[PDB]
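Survey of secondary and tertiary structure
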Amino acid sequence: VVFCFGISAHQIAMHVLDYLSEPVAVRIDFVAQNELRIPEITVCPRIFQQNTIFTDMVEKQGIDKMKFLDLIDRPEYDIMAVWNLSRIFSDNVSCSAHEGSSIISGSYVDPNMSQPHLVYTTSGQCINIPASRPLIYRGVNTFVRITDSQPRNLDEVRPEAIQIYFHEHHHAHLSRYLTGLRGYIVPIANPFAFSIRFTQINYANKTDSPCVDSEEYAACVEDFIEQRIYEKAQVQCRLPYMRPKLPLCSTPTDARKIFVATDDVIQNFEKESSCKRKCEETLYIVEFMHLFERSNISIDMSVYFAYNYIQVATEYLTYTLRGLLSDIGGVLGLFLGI
Amino acid sequence: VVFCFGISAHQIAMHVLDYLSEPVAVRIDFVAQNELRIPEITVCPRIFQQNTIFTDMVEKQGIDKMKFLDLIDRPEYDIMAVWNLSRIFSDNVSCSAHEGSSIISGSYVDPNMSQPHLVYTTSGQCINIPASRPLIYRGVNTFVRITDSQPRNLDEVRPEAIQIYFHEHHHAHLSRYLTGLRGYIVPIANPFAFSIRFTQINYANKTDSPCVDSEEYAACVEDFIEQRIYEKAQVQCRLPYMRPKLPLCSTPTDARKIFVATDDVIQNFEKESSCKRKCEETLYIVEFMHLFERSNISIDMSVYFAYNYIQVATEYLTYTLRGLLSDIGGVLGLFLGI
Amino acid sequence: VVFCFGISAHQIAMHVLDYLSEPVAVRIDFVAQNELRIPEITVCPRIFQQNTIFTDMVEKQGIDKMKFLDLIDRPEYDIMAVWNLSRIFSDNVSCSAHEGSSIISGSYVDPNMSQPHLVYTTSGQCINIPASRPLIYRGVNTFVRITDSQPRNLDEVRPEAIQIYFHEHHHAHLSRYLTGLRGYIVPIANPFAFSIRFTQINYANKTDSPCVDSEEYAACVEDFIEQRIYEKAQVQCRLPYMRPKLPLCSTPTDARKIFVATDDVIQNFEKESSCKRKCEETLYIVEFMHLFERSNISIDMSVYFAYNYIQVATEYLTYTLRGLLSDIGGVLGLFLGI
């Protein structure tokens, strides 16, 4: 019976091996609720070279692909004096929440929401839009509108193909160092509107412990990207956020050249940095819905939620998995009977 | 061994608790079949206030947002004389079934299908299109075309942004009191065509007994919405369908004002009314496919089925769940050995 | 206890019955990887009758819907002399792989890829594009561009609505006898771009043994379609590929008329031919993404991959299914205790 004992030991070993993690997408189900978890929208030009504004500014002022401090035009260009040159859309941010429709009144609106959160990014400056309040799905017309009624419409060198990144709530790193890579470019010559199908994949938490890694992940990855930028690029002269920590260094091409080089190197970091995962990651399937609205606004990005049926793929954990692999002891006993 | 007996009793209690329902999406699989379950299409203007036709009629005839019977223009406006004022698209309904293509003959058509089913709705009048026959998927060009070759093209105050609601088969309530809320607005200035990805979520039937609640649900919710409209709005003077039951009441602003108010109140009814669920609910993922067809038709809504791979998410029931939770008695016995 | 023994025998019988196949979509999970499995693109006009080029050629040269050899215009029209008349887009095929973007350099390109693979098809001639190398997902701008910078732009009778079939790798039959049926028609008057969401459904392998039926399936179905074309159409006079096997027969209307008739008959073959399934079938959800690019190219089909999150629905096999149905012997023993 030693043979059967060994085979049963192997069966229990497979049991224990499966015990770790074993996340199965138990419920990819289409749940419809009035409550809506709006994506965190970053409205930013994709990159300095791609963006027409930065390229034109550097070409008429400086030389080459930015960098070099633009010393020839002026020796007073600080690091922020060029990084904030990324100003594209801000100071008039509206997260207008068109909640739904109704026969008696209809045209439900909520102008006061989420303010212009100005966040610096590899593009230089973006308008992150926090989810101040979940929205109400009273109809297919559940579209959160991001509007920047800019002065004069900003028709002089208007950004033609600004980028729109729908990232999860409270993620500085995604909005600051991944908006030109993991974001959807959007023309704004017309009032473009995109449906955002929701895939709330709540992964499990085991052997990859997120421990509700929904807010920690953000700061961890942000500081880690900045730390790699500091480390691989051997330049500590750049201003370390607060001025009274190390001397200012903006004129030397260090700040632009080497920092951009390192940030590009650390663009692929999910492999470089690990142990962190948004256990409540929500994916925004961006689709093109035709919009019928003569929106004269400079940018009126209508993030539509025409699908209350969130395809929530909750990556449940099968606790019964361990129970069943232990029940395998029953078949153990049935061999023992043999 | 009383401790082990109690723990095993708890295990069996969890077994019984999981026994109820426990619906897991066993098969979200992409099945391709020639047979196609066409959506029930309602082509209706979203709401009286939103629709240009009703607003213009009331503005030039009556006052305010409809209501008040439009007495000033004429005292003979019955309840139906204004509700049927919703006539937008009807009397020339075609459910043309472009089944597919073929090299020898190609251009497969089926003009005779589903007729103009005129159904009254909160919008006032809509054309529900029953699924008379399942369609054949002989190619990606499997588009059911809803065509209303209206007299004179209806170019006078033509409805610019009519609403299209794809609801499940044989649902009066969805087509009569949820077309302006749970429907997709569609411009008709151009021959718009939408892909309808199919998600046939056949939920289970336990503790929420639908008992093939595919046709009952319809009448139940319809009569319940009408019943709430009658109850909360304390007005029995309105005509109760058949004339010879209670006296006609249309001139008093009751019919419009209070009935619209109550219908708006009961707009969110899935929470108010329960115990009913379409066990065979099919979700229509509406997506924008570019159409290349100079369709001069007033409305030529092409509900495309370019994806034979229906994403059927059959919410199977794990009968083996009970069997396994009973097998837990095997691990019970293995503790008993300890 | 004979009753319990019989019930347990029935339980084991259900066990064995479930043993066969029982494929559950264990993981429909959204995996993001730099590596991209590009679809095999066939850029072909849908059908001879539908295509404007073939219809115009036959109308001005011959009579009727092709067929009849076009003898009146010229008696030298061989079978290939008309089949290759399907030349629409070829000799300048580029599978340009726009891998991604980057802040330091950006605009990553790879012009050398996959060449003009000229494959004959029911349409007559198509450009199959093999996946020479998996692509890198360094940003949402991961679009494989199929470009045919044709001489003179091919503006004379330019194919307005060419068909684009995204079929799995190394499938001759799909690209040769199912491009006008299982393919998406695409206008080329503008630089159309389609998102290709990936659904890599790796079915199981049991009782439908594919045995990694990823390359065999191709040749099997191709030769079987050709074999049915030969069999049902009683005409062996047509050239059997290699000339020195049977005499050439192209002038008689046999080649066109009867062969097209039979090929149409065998259009629905998945029911006719069985035992073959792509165990690694990948489905391309074709969606419309608006493109901002003034591509003067005649055809610049941008198969975008803006969704690194491949919805891989791996149809795993539950080996633990057999183990649990055997554990049912534990509940067998618990009845025996009763």
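Residues numbered from 1 in each chain as written, not as in the entry; some residues may be left out. Chains lettered and ligands numbered in written order. Heavy atoms only, no water.

Time to look at the pairing of strand β9 (residues 163-167) of chain C. Residues and elements named next belong to chain C. Of all five residues in β9, five are buried, a share of seventy percent or more. Of the two faces of β9, the one carrying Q163, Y165 and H167 and the one carrying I164 and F166 are both buried. Note: strand β3 (residues 40-44) against β9, five bridges, orientation antiparallel. Paired with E40 across the bridge in β9 is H167. In the sheet, β9 pairs with strand β10 (residues 184-185) via two bridges, with the strands oriented antiparallel. The residue of β10 that forms the bridge with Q163 is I185. (Buried < 20%, exposed > 50% of the residue type's maximum accessible area, 1.4 Å probe, protein only. Helix = DSSP H or I, 4+ residues; strand = E, 2+ residues; numbered from the N terminus. Pairing = 2+ DSSP bridges.)

All names here are of chain A. Per the domain assignment, the segments making up chain A are domain 1 (1-22 + 318-338) and domain 2 (23-317). The distance between the C-alpha centroids of domain 1 and domain 2 comes to 49 Å. Taken together, both faces of the contact between domain 1 and domain 2 bury some 540 Å²; the carbon and sulfur share is 62%. Area buried by domain 1 at its contact with domain 2 is led by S21, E22 and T318, which between them contribute 76% of it. Along the contact surface separating domain 1 from domain 2 lie zero salt bridges. On the surface where domain 1 and domain 2 come into contact, there are two residue pairs in polar contact. Its residues placed into classes, the side of domain 1 that touches domain 2 shows two nonpolar, two polar and one charged. (Domains from an automatic or database assignment. Buried area = accessible area lost by both parts, 1.4 Å probe. Salt bridge = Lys/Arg side-chain N within 4 Å of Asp/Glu carboxyl O. Polar contact = N/O pair within 3.5 Å; in protein donor to acceptor, adjacent residues only side chain to side chain. Nonpolar A, V, L, I, M, F, W, Y, C, P; charged D, E, K, R; others polar.)

Looking now at the interface of chain A and chain B. Taken residue by residue, the interface counts 27 residues in chain A and 43 residues in chain B. Buried surface at the junction of chain A and chain B, both sides included, amounts to about 3,000 Å², of which 61% is carbon and sulfur. A per-residue breakdown of the area chain A buries against chain B is headed by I103, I104 and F292 of chain A, which together make up 24% of the total. Taken together, chain A and chain B are joined by one salt bridge. (Contact = heavy atoms within 4.5 Å.)

So, on to the sheet that holds strand β3 (residues 40-44) of chain B. Read from one edge to the other, the open sheet built from five strands follows the order β5-β6-β3-β9-β10 (chain B), with strand pairing classed as antiparallel. Looking at the sheet topology across the chains shown, the edges are occupied by β5 (117-119) and β10 (184-185) of chain B.

This paragraph deals with the relation of the copies chain B and chain C. Both copies of the chain are related through a single rotation about an axis accompanied by a shift along the same axis. Expressed as a screw operation, the relation of chain B to chain C combines 0.0 Å of axial shift with a rotation of 120°, fitting to an RMSD of 0.0 Å. Given the turn and translation reported, the copies of this chain are related as if by a three-fold rotation axis. Relative to the rotation axis, the C-alpha of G330 of chain B is the closest in chain B, positioned 2.9 Å from it. (Least-squares fit on C-alpha atoms.)

Taken N-terminus to C-terminus, the directions of helix α7 (residues 319-337) of chain A and helix α7 (residues 319-337) of chain C make an angle of 60°; their axes are 8 Å apart at the nearest point. With respect to their mutual orientation, α7 of chain A and α7 of chain C come out oblique. The chirality of how α7 of chain A crosses α7 of chain C is left-handed. Facing α7 of chain A, whose interface residues are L324, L325, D327, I328, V331 and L334 of chain A, α7 of chain C presents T320, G323, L324, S326 and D327 of chain C. Residues of the contact of α7 of chain A with α7 of chain C, tallied by class, amount to six nonpolar, three polar and two charged. (Axes fitted to C-alpha atoms, helices over the stretch in contact; angles between N-to-C directions. Parallel < 35°, antiparallel > 145°, perpendicular 65-115°, else oblique. Left-handed = near helix turned anticlockwise from the far one by under 90°.)

Attention now goes to the state of the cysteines. Residues and elements named next belong to chain A. Under the criterion given, the structure shown has three disulfides over all chains. In this model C44 forms its disulfide with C126; the gap between the sulfur atoms is 2.0 Å. Residues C44 and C126 are joined by a disulfide whose S-S torsion is about -60°; by sign, that bridge is left-handed. One end of the pair, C44, is in strand β3 (residues 40-44); the other, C126, is in strand β6 (residues 126-129), and 82 residues separate them in sequence. Of the two residues examined, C44 and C126, each falls in the buried class. Here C275 stays free of any disulfide, with the sulfur of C220 as its closest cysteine sulfur at 10 Å. Taking the relative accessible area as the measure of exposure, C275 reaches 62% and is therefore exposed. (Disulfide = S-S within 2.5 Å.)

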